[PDB]
Structure formats: C-alpha cells, structure tokens
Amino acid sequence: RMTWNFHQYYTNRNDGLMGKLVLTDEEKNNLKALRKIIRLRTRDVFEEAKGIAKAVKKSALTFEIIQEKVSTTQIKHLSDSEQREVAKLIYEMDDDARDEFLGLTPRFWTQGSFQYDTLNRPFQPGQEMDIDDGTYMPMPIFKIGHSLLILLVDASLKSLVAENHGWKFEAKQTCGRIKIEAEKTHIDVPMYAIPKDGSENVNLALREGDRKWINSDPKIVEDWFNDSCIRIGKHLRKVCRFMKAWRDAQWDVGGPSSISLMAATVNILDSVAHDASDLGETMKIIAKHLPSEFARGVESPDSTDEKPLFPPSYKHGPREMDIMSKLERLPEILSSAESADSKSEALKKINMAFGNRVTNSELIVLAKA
C-alpha cells in the first residue's frame, strides 16, 4: 500500500530531527570551555589545600593559624562552619593521612551523553543540556576522608558560582552541580575514589545517607554503550537520540531516564530484525516493543546496580503508569503518521511524538511498503 516515508525526517542533518538535535559546534565548544573552567578550579582548590597541609607537615601549626590560611583560599566561599570543618580536618590529620593527601592530584573524566555522543539540544523551556564531568581521587584501596574531599569539590564549584553571575550551585546525592539557566546548561560533578596507579574499586561518593560510597564505575556504561553502537550500527546513536527527544517532548519534567531508553532500545535492536535504510520503520519497530521491555522492568547494563533502570509493572505508581501510557501511544502515533491523508498531516502527526521541531514536510516522501 501507499505510505509516508520518514527516513529523511529523522536522519537529515540540515533540518531533519538529527539536524535539530545535534549540538552546534559553538554549543559543543561552550560545554568544553565550561568543563575546562571547572577542572582548573578544582585542581587549584586542591593545590591550595595541599599547600596548607604542607605547611602543617613542616610545623604543627595552631588551629587558629590553619583557619586563617583556609580563609585566604577559595575555601572562603564555603559557610563558616564548613570552613571550620576543613581547617579541623587538616588539623586532625596524622602524618600518614597528610602524606597521602600531599600526594593526591585529582583527575577528570566525562561520563554520559557528552562522552558517548547522544546529547540533544533541549526542547521545552526549563530543560537543560547536561555535561557530566567526574572528579577522580586516586587513593589506597579501601585513606583520605569522604568529608574533606566533598568539601573541597564543593569549595571549587561554589567559588566559581560566586564569581559568575547567573551561575547557581546545587548539591545532589551523587554530584555537585553548577546550573547556568541563561545558557540552558548545567554541569554535574560526581566524585570518585579510585586506586592509585578494575571497576570493582571505582567508588562513587554519596552525599547523604547510610552509605558514604557505592561501587559504580561509569566506564561500565560507557563501554557497554560504545560496544553496542559498534555491534548494532551507526543508527543506534540516532534512535537513542530520537527516543530521548520523544521523552523531552512528552514530559516537561519527568519521563523515563535516558539510560533506561538506551538499555531497552539496545535490547530490542539486538533481538528484533530491522532496517537501517528506513529509520522510520526502525522507529516503529522500537516503539512497538518498548512497552513490553518497560513493563517487565528495564535491567541495567551494570549488573551491580541495586535497582533496575525502570521498575516492573507491579511496582508502578502514577508516574510509571503515565510513562507506560505514553509508551503505548507512541507506536500508534508513528503508524498514524505513516497512513496520513497528506504530507502536512503526516508531519503534524509525527510531531505529536517528537514535538514541533522539524517543520520541513519535504523530508517526508510518498512511498510503498
């Protein structure tokens, strides 16, 4: 029968969905610049703290003098009690802890969609691009305190926020965050302890709760996804972008996580025949199978995760039910677009899935299927 084809609608890098979703080089460079600012300040803060520790190694300074020294560094941007705590922790170090600290130089690695190239331009007002730049503290396997490390990273991020109008700090359970509302951007800074020189010894720092650390190596997800792209093909990054774009269009705030969409989509494309020469059909195939993937619970590609990426249906409350509803509707949307009574209606319908981003109906062509 006659059908509308959406392959260019999806893939066209001029003004198709890929063209609308991929960051411009100016945006990508802006994110790399922001990343560099954070990394340099974090390096500096640790050097400033280490300078104080060096002074105390040389002579057992009074608490008051150590406090004075702290107040001249970037740590002056923490609260008074936090400054006290930093000075107290430096004061309380024994020779071994201090020697270990003097040998610590933070390292950095970006995780998430900036790293494996699936970061979309944000859609709705309020939505922001994220760059996830982790800070890594090489230490003996378990020697340098959870409290001090978090205070120093917080000092770095808070000192930058104090110097830049329109920057805000947010403490999250798994990271420090700088939000730049006007740039529709935030940078997330998770902190890890790793061995000094094996994913079992990569420990993510948690801010509050019964645990200070949890073993969660972001490299596991990065390698899993990069390997999946190689295995499945160049269309995997594209259809993950498209599913994330659908999520951004259906929910202002909320919806399924990006990682849950990636995991379910990889599962489907590993197991169901599809055709990269028609990403319209491929998206319909993915859409038909996502509800079953999500209803049974979406497993993490990291087997050590304590919970699935999305819960099985007997655990659903209103939010998961809403996500299932939208997932169920998606293949119907795509099917209806395919059989629309005109090109303009085909576009209107498929944009009910991905939002009114693509406006060029010449990317939709009359086909047979």
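We number the residues from 1 along the sequence you see. The term rigid core refers to the most C-alpha atoms you can superpose between the two forms while keeping them within 1.5 Å.
Between 61 to 69 and 299 to 307, which has the larger RMS C-alpha deviation from this form in 6 other deposited structures of this protein after core superposition?
-> Most displaced of the pair in 6 other deposited structures of this protein: 299 to 307.
If you line up the core and then measure how far each C-alpha sits from this form in 6 other deposited structures of this protein, which stretch comes out higher, 240 to 248 or 209 to 217?
-> The stretch that sits farther from the shown form in 6 other deposited structures of this protein is 209 to 217.
Hey, does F123 show up as a hole in at least a third of the other compared models?
-> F123: modelled in every other compared entry.
Counting the other entries of this protein, is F142 left out in at least a third of them?
-> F142: unmodelled in at least a third of the other compared entries.
When you step from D197 to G198 in this entry, do you jump over none, 1 to 3, 4 to 9, or 10 or more residues of the deposited sequence that have no coordinates?
-> Gap size class: 10 or more residues without coordinates, per the record.
Where do the C-alpha atoms have the higher mean temperature factor in this entry, in 323 to 331 or in 24 to 32?
-> The recorded data point to 24 to 32.
For the stretches 49 to 57 and 313 to 321, which has the higher mean C-alpha B-factor as given in the deposited record?
-> The stretch with the larger average C-alpha B-factor is 49 to 57.
Per the PDB entry, which option out of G254, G280, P218, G145 has the greatest Cα B factor?
-> Going by the entry's C-alpha B-factors, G145 comes out highest.
Quick one: which of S159, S113, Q127, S228 shows the highest Cα temperature factor in the PDB entry?
-> When the deposited C-alpha B-factors of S159, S113, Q127, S228 are compared, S159 is largest.
What third of its chain, lowest, middle or highest, does the C-alpha temperature factor of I38 fall into?
-> For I38, the deposited C-alpha B-factor lands in the middle third.
Give the position of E68 by CA B-factor within its chain, expressed as the lowest, middle or highest third.
-> Highest third of the chain for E68's C-alpha B-factor.
Taking the values exactly as deposited, rank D223 by C-alpha B-factor within its chain and report the matching third: lowest, middle or highest.
-> Its C-alpha B-factor, which the entry lists for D223, ranks in the middle third among residues of this chain.
Modelled-residue ranking by C-alpha temperature factor, third containing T105 = Tercile = highest for this residue's CA B-factor.
Compared with the other modelled residues in the chain, in which third is the CA B-factor of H186?
-> For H186, the deposited C-alpha B-factor lands in the middle third.
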